[PDB]
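Protein chains in written order, with the authors' numbering: chain B, 5 to 74; chain A, 8 to 74.
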């Protein structure tokens, strides 16, 4: 309706939801049927969108924003 | 189940979730960057996880960190 689209794309969110369950990037790639490079690319793009340098800070910010659950 | 962090280990994570690099943490807590990495590693081992983000998520789960 009028709310803006989530900052994360669908696939970025899937990667992050696996990330918080302790999966390695190989396991995420295997689960999502994509290359590891693609997993890294998704993590990288999401952190450039949040303007943070590390995965920890991406997770925290995403959690603050309601874009990721736990 | 419930692993206990020392004062320093908790402090490092508390600073970590405020978007500080290890360099900055080292500066604020008046210790070396090596010592900061050591506290992080030892916390990760107590928590049974593989990286910093997983440590943060497990501490959030247990109620030992707040955002």
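In this text, a Cβ means the ideal position worked out from N, Cα and C, and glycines have one as well.
Legend entry - Boundaries (first-last residue) of the alpha helix (DSSP H) holding residue 32 of chain A: Counting along the chain, the alpha helix (DSSP H) containing residue 32 of chain A begins and ends at 29–35.
Inset, instruction - Can you say whether residue 20 of chain B is buried or exposed, counting buried as having 16 or more other CB atoms within 10 angstroms of its CB? - result: Of the other Cβ atoms in all chains shown, 16 or more fall within 10 Å of the Cβ of residue 20 of chain B; this residue is therefore buried.
Inset, instruction - Taking C-beta pairs closer than 8 Å, name the residues in chain A that residue 34 of chain B reaches, listed in chain order. - result: Contacts between residue 34 of chain B and chain A, judged by CB atoms closer than 8 Å, are missing: the closest CB pair is about 16 Å apart.
Inset, instruction - Could you tell me whether the segment 32–43 of chain B touches the segment 6–20 of chain B, using the rule of 3 or more Cβ pairs below 8 Å? - result: With the rule of 3 Cβ pairs closer than 8 Å, the segment 32–43 of chain B counts as touching the segment 6–20 of chain B.
Inset, instruction - Would you kindly work out how many angstroms separate the C-alpha atoms of residue 60 of chain A and residue 8 of chain A, rounded to a whole number? - result: The straight-line gap from Cα to Cα measures roughly 18 Å.
Legend entry - Nearest residue (CA-CA) to residue 15 of chain A, options A/46, A/65 and A/51: Among A/46, A/65 and A/51, the Cα nearest to that of residue 15 of chain A is on A/46.
Inset, instruction - Could you pull out every residue in the same chain whose Cβ sits closer than 6 Å to the Cβ of residue 51 of chain A, ignoring the five residues on either side in sequence? - result: Apart from sequence neighbours up to five positions away, the residues of its chain that approach residue 51 of chain A with a beta-carbon distance below 6 Å are 62, ordered along the chain.
Inset, instruction - For residue 60 of chain B, decide whether its Cβ has a neighbour in chain A, counting only Cβ atoms nearer than 8 Å. - result: Look at residue 60 of chain B: its C-beta is under 8 Å from a C-beta on chain A.
Inset, instruction - Starting from residue 1 of chain B, find everything on chain A with Cβ-Cβ shorter than 7 Å and list it in chain order. - result: Because residue 1 of chain B is not part of the residues shown, which for chain B are 5 to 74, the question remains open.
Legend entry - Helix, strand or coil at residue 52 of chain A according to DSSP, with G and I counted as helix: Helix, per DSSP.
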